[PDB]
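What follows is a set of notes on a single structure, which appears directly below.
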Amino acid sequence: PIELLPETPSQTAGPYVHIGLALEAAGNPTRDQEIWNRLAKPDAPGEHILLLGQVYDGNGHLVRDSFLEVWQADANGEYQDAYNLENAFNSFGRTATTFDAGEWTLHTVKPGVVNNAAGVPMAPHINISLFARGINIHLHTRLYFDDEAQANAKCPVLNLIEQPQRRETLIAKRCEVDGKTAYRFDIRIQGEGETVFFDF
Amino acid sequence: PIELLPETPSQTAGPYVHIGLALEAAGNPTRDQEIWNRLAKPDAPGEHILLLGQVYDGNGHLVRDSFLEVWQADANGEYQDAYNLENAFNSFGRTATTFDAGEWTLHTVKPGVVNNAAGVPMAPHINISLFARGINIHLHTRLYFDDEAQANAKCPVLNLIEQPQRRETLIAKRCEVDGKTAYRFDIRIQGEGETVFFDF
Amino acid sequence: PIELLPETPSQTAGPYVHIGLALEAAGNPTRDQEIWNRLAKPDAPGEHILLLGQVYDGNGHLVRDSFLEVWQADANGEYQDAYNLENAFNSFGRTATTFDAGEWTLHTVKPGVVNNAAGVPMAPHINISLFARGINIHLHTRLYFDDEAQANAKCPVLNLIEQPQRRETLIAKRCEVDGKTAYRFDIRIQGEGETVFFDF
Amino acid sequence: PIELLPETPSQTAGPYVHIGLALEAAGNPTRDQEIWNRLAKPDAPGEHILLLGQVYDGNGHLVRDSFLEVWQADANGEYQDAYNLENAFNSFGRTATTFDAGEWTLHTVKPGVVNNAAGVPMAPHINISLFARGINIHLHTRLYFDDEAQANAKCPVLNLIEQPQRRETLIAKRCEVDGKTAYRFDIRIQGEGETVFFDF
Amino acid sequence: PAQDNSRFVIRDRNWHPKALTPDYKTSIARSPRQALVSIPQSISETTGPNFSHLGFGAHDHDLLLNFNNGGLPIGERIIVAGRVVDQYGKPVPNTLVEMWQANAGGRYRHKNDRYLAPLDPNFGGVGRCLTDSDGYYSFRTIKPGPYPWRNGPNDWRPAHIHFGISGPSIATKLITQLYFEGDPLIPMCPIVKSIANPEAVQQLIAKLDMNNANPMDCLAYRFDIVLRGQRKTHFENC
Amino acid sequence: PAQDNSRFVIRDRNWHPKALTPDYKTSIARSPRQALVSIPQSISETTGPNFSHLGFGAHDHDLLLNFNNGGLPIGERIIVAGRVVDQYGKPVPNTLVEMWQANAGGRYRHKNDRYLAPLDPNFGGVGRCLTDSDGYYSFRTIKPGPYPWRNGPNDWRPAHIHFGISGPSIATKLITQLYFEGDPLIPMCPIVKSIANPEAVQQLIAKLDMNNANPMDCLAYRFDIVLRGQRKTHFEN
Amino acid sequence: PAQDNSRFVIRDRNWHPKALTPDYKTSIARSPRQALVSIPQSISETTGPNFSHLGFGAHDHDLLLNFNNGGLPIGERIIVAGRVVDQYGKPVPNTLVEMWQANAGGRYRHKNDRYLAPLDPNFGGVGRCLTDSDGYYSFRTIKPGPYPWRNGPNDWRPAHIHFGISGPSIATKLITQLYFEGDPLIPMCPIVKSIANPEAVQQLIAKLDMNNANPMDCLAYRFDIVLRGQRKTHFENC
Ligand SMILES: [Fe+3]
Ligand SMILES: [Fe+3]
Ligand SMILES: [Fe+3]
């Protein structure tokens, strides 16, 4: 068969990933511009929300060295790929868990609906990639919202998960942090309540 | 790189280990001198203690064919390598679990404090090696004492165990058996409450 | 390691090099335009100079079949790479020694000062490449001027020659030929007074 | 044939040999005890002499980075191998040429006569090994004395040198340095007056 | 805004390291036990950030100068350079390449690294750049040292530089480690050996590149990166 | 009075059998699922018992005479001998070597062994000795038979003798099994094959040693044992 | 005093590098053009200094501590150890082993070294010791860096440690260079290649020695040295 050049293989990000990709989280000096966890300026269109969560290993213990990348549509369902710290909204961001801050946070807006390649609406979602010591190739997942039940039930991606019980692992729980609208999305890498991870 | 002669590889002790290494426990005749489970004659210095325990597999079932070897300092924190049945104290002993007696016992004294190679005190401990059918290479662990909480908190070996919850697996529970001070030390080879095992 | 395509290997120019590269010197008819030994028309800016020299082998005998290529800055220290016979000045030229004329000549101007890559001034120089039968890969040298003693003493290229005595081999001797300023630059390929040859 | 383990191959000492073997000559701090160029305490038996010399390459230029080791009998013709800075006499020493001091010196006594393995007297001599950048394996020679002409003419080692003219290269010239008895032994590595070098 | 106009060749997850590689002990509790769920490519996966408008500092790619506290760092001066292409051999221009590493003695500038090898006051160990219009990147740095780690009782990482590459989409994003030609630690490392195929391991070994060295100054290593092949959509929804 | 003056080369746990080797069924539930925790060597690990003054009975090393109930055991008379060295090739003198085995028909003298092959009234199957000052040990025994066991539906252990060796510290202590040259059961055994590297399996195969046989009396097998390399401490704090 | 009671196997001067090896440019003018003159072994050649009574400082063999100006040197912590034997395999006890080297960046602590890689304020690069009663030596140091030199226009020494060994006589004394397993610079170096036989070059390459490492602390390399074989005299003067 036709064999292309092989992809460079993945390796773990390791325990010091923050020195390269999360300098403030590492407690090291930052450069003038850093890619971080505030996707939305205060006047960006849409509903401003906080996302937060904790990451657990197969023994139920906190992962205190994770690194997460996120990619989401803006409130109007458009992916903003021209990354710029001056943008009202960036569709991309980064966050982390650390020894001092075991819970990651993201400041964003609730994403608008985008269609899949067949033209079928997907429920509002955040695409997440998880990296850490012990993770040899990053784990892909999606964060959906518990107050979008009607859309979630019809999402063509959620419906590829065979078991309803597993679909529940991707549904973030609405809550309030300092009185402000938030959704909590805990990730369980292994075992009971294991979060669905995707390949694509 | 430099490659030395390879070590002879391990194999399981198998189900009949007691006929070779625990003759009394096997129900077979003994020779004039046997290495067994009384490390201390009644006249030995230090606090005389009974140790006892059970061994469990990954399904929570008793292991009724195990063989244990122990190595500990005397009450003054000195290892006594000159093995002799005429000694008031020997640092080494053997015990076993069997079909008739699923709970192993040891008769010893509480070991004194021993420094690590960097001069840092280790908490009082007994070194244990566990052999049995199904165990291809023996498992190393340590028995510490629940009435040495302060010392245990500062032990440089305990502190190499990343999770506090796992450190708890090495702490034997003080009790009284027929009026005599005793500690129970159960070992769980696999699964919930799995005992910490060491490599060195 | 990384290995690129190998360079095409050198071979001697051989005894008939002049038929291809110095047609007038070969005694053969010339084409309308030839690359030859007049770098400067009389109207070119700078000090007009005659350069001349002889080439010697390791037995002290004249080399009567050599071919030389020269490359030099204009009087303002700029290399002029746009070769054109209509130019008042070209930075490049060719000359030769032959059976009838064992002494090569060049008609040029004295080159201006050019900085090295670290910004340090080099003394005025002409770059020379020497080809002939018996020479398997051409020899690189530099012609400096005996009336630039101060500059020569400070030249970062001259100062890479470990021995002061060898630096003397690259210094052309000022004289007068038919009332015109000239410098003699003899090259000794091998042995006593051997000319410094460079690699770069 | 019988083939033993091969000897570890030699490599040049390189230009920084002094940092390892001639710390004072390197201008670096010395250790409490160093092996250097004063073989004789003032009260050692024998005639106290200074040895000195310069080392030349094949172009007649000074070698300003050489390192020399010497081995000689004491005044009574005995080799003193128990090296000690407290000894009245050491048969071994070290010296060097440097950028600041192009001429090496040695403070010693004139050696007594020793016999070769056949019982034939050798003329008084110093054994020398020469190391430097550019010298891939050290060069062995001997320094003999011009005021021992009768003994030199009968030396079984000098007489292994086929040509009398070459024997002359090993004969040090008596002179006076600061009014004191000295012998000069210049070494020419290559070319005219090339010093005899030995294999053994 | 971004559009869905391409597809990416599916990953070979037997070429990449698997999740559970128990000789690398931390992977035991951090590997999923359920199967990954495959999903079709949509705009969510086939787009991603482009960093052409990110503002880079003058020395962001130069680790010899970007942590300057009065001197140069101690260690082997090297250029690390290469090309980013996709599996069809197409260059990947204007893409974000990030890197981080220990100093010459194997010590990282992170609080959690308590290795007794000292920090270098003039080394930080972090770089970034964009590939140029032809897919090439370059950094200047010092060669990192190997270092010990709490895996087996005598385990040592080979010298390595951590890399992250964005590529055209979140589907192409990759984090990996660069190792150095000839390092005898490479065959021994349980992190290297999380990759089962020896040919895949070889793809992570940077080659000494004398052609790209600055004579009398610094050596150079070449590390080419291959991201997932990108193609146009064809015959979809018909 | 034991001292911390030595270090032992770290074990290669891909040379040894891994804990989880599911074709050996009992290992499935008796293998830790968490990683071993590496700890540095201290006096606790680098010392161990010396058995120089353990009192041995006259026949403790001679299984032809140490279960004497009126005659000799039935079976192939053999000497089993060898040297104990460390990985640097240094002999391990005065070290405890213990062994146990089935009789000629594969039957052990233990209540839990209900194999229909009979017990031998003159065989117990247990030995011990110390290595001599040059690191050599020897036993006299009968060659054990193979025997069936409840693993797969037709699994048979190759003929084997179980060994335990103390060595200089608890870090060197080893239990293993000796197999016999040429036994066609060896490549088929899931306990043998708990060892992944075929070169490591070969290290457990005793070689026929005609040189050490007693003519007209008994054959001999040679089984050398390598324990972890011992070195002095250097540059520690 | 010393006595003549032994003979040393004659050197193989095609195993050693020859004097004239012109790709190593300095050798051109520093190589004799006349043949060496062979002479028989006498007491002058078969004896030499013994250094048992030389006073060594506490840290003479420990380059991590012997230039201590307030900290540890930066770089890869290593033990360099090995055995000195003669060609018959006999250990050479109580013999002087000296070594010197550049720092982690290839800079020597010598005035004539103007390489732009900085000096390390806590590294001097010089060691010595005696072999023990069984012929073994050991040093602790940092792995030196490669460095450029003015030979060809882009020539770089492989990482190396210079060694000198005395042995039992002036006939056995040797100076050499130790290189490190896998270094891709080794095949390229005109000083290495002054040795014509590839098998001889391999004798100068130290092997990574994990068995001798201090876990969580330092790696180790093994470099065994073989000096000329020593035998008793036999059937001389008869
Ligand atoms: Fe790392
Ligand atoms: Fe050097
Ligand atoms: Fe058995």
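To be explicit about the labels: the chains of the structure tokens are called A, B, and onward in the order shown, and within each one the residues are counted from 1, while ligands get numbers from 1 in the order they are shown.
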Throw together the list of residues within 12 Å of ligand 1, counting only C-alpha atoms and all ligand atoms, and drop it here as a PyMOL selection string. (chain A and resi 11-20+132-133) or (chain E and resi 99-103+106-110+113+125-126+144-149+156-163+176-179+191-192)
Can you write out the residues you just picked, keeping C-alpha atoms, as a compact mmCIF listing (two decimals), in the first residue's frame?
```txt
# COMPACT_ATOMS: atom_id res chain seq x y z
CA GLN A 11 6.50 11.73 23.97
CA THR A 12 5.28 12.82 27.36
CA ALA A 13 5.40 16.54 28.14
CA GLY A 14 7.05 15.61 31.44
CA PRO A 15 6.87 17.26 34.86
CA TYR A 16 8.51 20.53 33.78
CA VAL A 17 6.17 21.31 30.88
CA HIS A 18 5.21 24.57 32.58
CA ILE A 19 8.66 26.10 32.13
CA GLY A 20 8.11 25.95 28.37
CA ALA A 132 1.23 15.62 31.61
CA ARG A 133 3.97 13.48 33.05
CA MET E 99 11.04 24.11 23.28
CA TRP E 100 12.31 23.68 26.82
CA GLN E 101 15.23 21.92 28.43
CA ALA E 102 17.55 21.44 31.36
CA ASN E 103 20.93 23.17 31.61
CA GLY E 106 20.63 18.26 33.73
CA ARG E 107 19.01 20.78 36.10
CA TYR E 108 15.71 22.48 35.16
CA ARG E 109 14.75 25.97 36.27
CA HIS E 110 11.64 24.69 38.06
CA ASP E 113 13.60 20.02 40.37
CA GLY E 125 16.03 26.77 29.13
CA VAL E 126 13.00 28.06 27.19
CA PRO E 144 21.34 19.78 27.90
CA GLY E 145 22.75 17.20 30.28
CA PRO E 146 21.20 13.83 31.17
CA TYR E 147 19.65 13.58 34.59
CA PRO E 148 18.42 11.01 37.07
CA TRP E 149 14.77 10.46 37.86
CA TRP E 156 18.69 8.45 33.76
CA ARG E 157 17.09 10.43 30.95
CA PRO E 158 19.24 10.80 27.86
CA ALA E 159 20.07 14.42 27.06
CA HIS E 160 16.96 15.86 25.45
CA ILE E 161 15.06 18.98 24.41
CA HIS E 162 11.27 19.01 24.80
CA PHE E 163 9.38 20.26 21.69
CA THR E 176 7.72 15.24 21.70
CA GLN E 177 11.37 15.00 22.84
CA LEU E 178 14.55 15.41 20.77
CA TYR E 179 17.52 13.16 21.62
CA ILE E 191 10.35 6.94 28.19
CA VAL E 192 12.12 6.46 24.86
```
Which residues are close to residue G:205, i.e. within 10 Å by only C-alpha atoms, leaving aside same-chain residues fewer than 4 positions away? Reply as a PDB file with C-alpha atoms, in the first residue's frame.
```pdb
ATOM      1  CA  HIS G 160      37.829  14.279  25.750  1.00  0.00           C
ATOM      2  CA  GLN G 177      43.148  11.077  25.298  1.00  0.00           C
ATOM      3  CA  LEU G 178      39.891   9.469  26.470  1.00  0.00           C
ATOM      4  CA  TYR G 179      36.802   9.918  24.258  1.00  0.00           C
ATOM      5  CA  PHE G 180      33.170   9.107  25.115  1.00  0.00           C
ATOM      6  CA  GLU G 181      30.967   6.297  23.789  1.00  0.00           C
ATOM      7  CA  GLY G 182      28.847   7.295  20.790  1.00  0.00           C
ATOM      8  CA  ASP G 183      30.275  10.786  20.218  1.00  0.00           C
ATOM      9  CA  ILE G 186      35.129  10.931  16.981  1.00  0.00           C
ATOM     10  CA  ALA G 200      43.201   1.125  18.129  1.00  0.00           C
ATOM     11  CA  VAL G 201      40.858   4.134  18.129  1.00  0.00           C
ATOM     12  CA  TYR G 221      32.351   5.905  32.458  1.00  0.00           C
ATOM     13  CA  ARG G 222      34.919   3.093  32.333  1.00  0.00           C
ATOM     14  CA  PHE G 223      38.364   3.580  30.747  1.00  0.00           C
ATOM     15  CA  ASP G 224      40.796   0.700  31.061  1.00  0.00           C
TER      16      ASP G 224
END
```
Residues within 10 Å of residue C:72, only C-alpha atoms, excluding chain neighbours under 5 positions, as a ChimeraX atom specification: /C:39,77-80,90-93,108-112,114,124-128,142-143
Go ahead and write the residues just picked, N, CA and C atoms, as a short mmCIF file (atom, residue, chain, number, x, y, z; two decimals), in the first residue's frame.
```cif
data_model
loop_
_atom_site.label_atom_id
_atom_site.label_comp_id
_atom_site.auth_asym_id
_atom_site.auth_seq_id
_atom_site.Cartn_x
_atom_site.Cartn_y
_atom_site.Cartn_z
N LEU C 39 41.83 45.29 -14.99
CA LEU C 39 40.67 45.49 -14.14
C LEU C 39 40.19 46.93 -14.20
N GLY C 77 36.67 50.33 -1.43
CA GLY C 77 36.46 49.14 -0.59
C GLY C 77 35.18 48.36 -0.85
N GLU C 78 34.65 48.46 -2.07
CA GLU C 78 33.44 47.75 -2.47
C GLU C 78 33.77 46.75 -3.56
N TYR C 79 33.29 45.52 -3.40
CA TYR C 79 33.43 44.51 -4.43
C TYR C 79 32.37 44.73 -5.50
N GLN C 80 32.81 44.72 -6.75
CA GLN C 80 31.92 44.96 -7.88
C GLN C 80 31.71 43.66 -8.65
N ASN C 90 36.40 46.54 -12.98
CA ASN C 90 35.88 45.23 -12.59
C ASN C 90 36.72 44.67 -11.45
N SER C 91 36.05 44.04 -10.50
CA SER C 91 36.73 43.47 -9.33
C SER C 91 37.47 42.16 -9.64
N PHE C 92 37.15 41.55 -10.78
CA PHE C 92 37.69 40.26 -11.17
C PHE C 92 38.58 40.39 -12.39
N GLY C 93 39.63 39.58 -12.42
CA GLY C 93 40.44 39.43 -13.62
C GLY C 93 41.21 38.13 -13.64
N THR C 108 45.51 47.53 -12.53
CA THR C 108 44.38 47.70 -11.61
C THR C 108 44.52 48.99 -10.83
N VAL C 109 43.71 49.14 -9.80
CA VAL C 109 43.88 50.20 -8.81
C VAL C 109 44.09 49.56 -7.45
N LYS C 110 44.67 50.31 -6.53
CA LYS C 110 44.87 49.80 -5.19
C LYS C 110 43.51 49.64 -4.51
N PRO C 111 43.24 48.45 -3.97
CA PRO C 111 41.96 48.27 -3.31
C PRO C 111 41.84 49.02 -2.00
N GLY C 112 40.64 49.52 -1.73
CA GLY C 112 40.30 50.08 -0.43
C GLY C 112 40.12 49.02 0.66
N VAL C 114 38.41 46.80 3.46
CA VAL C 114 37.20 46.00 3.61
C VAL C 114 37.19 45.40 5.03
N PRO C 124 44.52 46.44 2.94
CA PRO C 124 44.24 46.31 1.50
C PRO C 124 44.83 45.04 0.90
N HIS C 125 44.03 44.27 0.16
CA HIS C 125 44.50 43.00 -0.37
C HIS C 125 43.82 42.65 -1.66
N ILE C 126 44.51 41.82 -2.44
CA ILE C 126 43.93 41.19 -3.62
C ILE C 126 43.90 39.69 -3.34
N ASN C 127 42.74 39.08 -3.54
CA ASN C 127 42.59 37.63 -3.42
C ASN C 127 43.05 36.97 -4.72
N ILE C 128 43.86 35.92 -4.59
CA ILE C 128 44.45 35.25 -5.74
C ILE C 128 44.15 33.75 -5.65
N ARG C 142 46.75 35.72 -0.70
CA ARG C 142 46.44 37.15 -0.71
C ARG C 142 47.71 37.93 -0.97
N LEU C 143 47.56 38.98 -1.77
CA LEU C 143 48.60 39.96 -2.03
C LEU C 143 48.28 41.20 -1.21
#
```
List the neighbours of residue F:37 out to 10 Å using only C-alpha atoms; skip same-chain residues closer than 6 positions along the sequence, and give me the result as a ChimeraX atom specification. /B:140-141,157,160-162,196-200 /E:25,150-153
Protein and nucleic residues near ligand 3, 10 Å, only C-alpha atoms and all ligand atoms, as a ChimeraX atom specification: /B:12-17,133 /F:100-102,106-108,144-147,149,157-162,177-178
Pull out every residue of chain F sitting within 7 Å of chain B, counting only C-alpha atoms, and send them as a count of residues only. 48
Write down as an MDAnalysis selection string the residues belonging to chain D that are assigned strand (DSSP E or B) by DSSP computed on the backbone. chainID D and resid 38 40 48:53 55:56 62 67:72 82 89 92:96 104:109 115 121 126:131 139:145 171:177 180:184 187:188 198:199
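Taking atom CA of residue D:40 as the reference point, atom CA of residue D:94 is found at 12.8 Å.
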Given the choices E:111, E:207, E:231, E:59, which gets closest to chain C if the distance is worked out from only C-alpha atoms?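 So, comparing all the options, the nearest one is E:207.
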What separation in Å, quoted to one decimal, exists between atom CA of residue E:137 and atom CA of residue E:15?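 Computing the Euclidean distance for atom CA of residue E:137 and atom CA of residue E:15 yields 24.7 Å.
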Spatial neighbours of residue G:98, 6 Å, only C-alpha atoms, chain gap at least 4 places, as a list in words: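 Answer for this query is residues 127, 128, 163 and 164 of chain G.
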Could you turn the residues from that selection into a file that holds N, CA, C and O atoms, as a short mmCIF file (atom, residue, chain, number, x, y, z; two decimals), in the first residue's frame?
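Output (selection_27.cif):
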```cif
data_model
loop_
_atom_site.label_atom_id
_atom_site.label_comp_id
_atom_site.auth_asym_id
_atom_site.auth_seq_id
_atom_site.Cartn_x
_atom_site.Cartn_y
_atom_site.Cartn_z
N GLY G 127 43.15 16.71 37.59
CA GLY G 127 43.12 15.67 38.58
C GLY G 127 44.33 14.77 38.59
O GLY G 127 45.08 14.68 37.60
N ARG G 128 44.54 14.11 39.72
CA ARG G 128 45.52 13.05 39.81
C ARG G 128 45.18 12.08 40.91
O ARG G 128 44.50 12.43 41.89
N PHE G 163 44.94 12.14 29.51
CA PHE G 163 45.49 11.25 30.54
C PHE G 163 46.99 11.11 30.39
O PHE G 163 47.52 11.00 29.27
N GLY G 164 47.66 11.04 31.54
CA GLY G 164 49.03 10.57 31.57
C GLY G 164 49.16 9.48 32.62
O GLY G 164 48.59 9.59 33.72
#
```
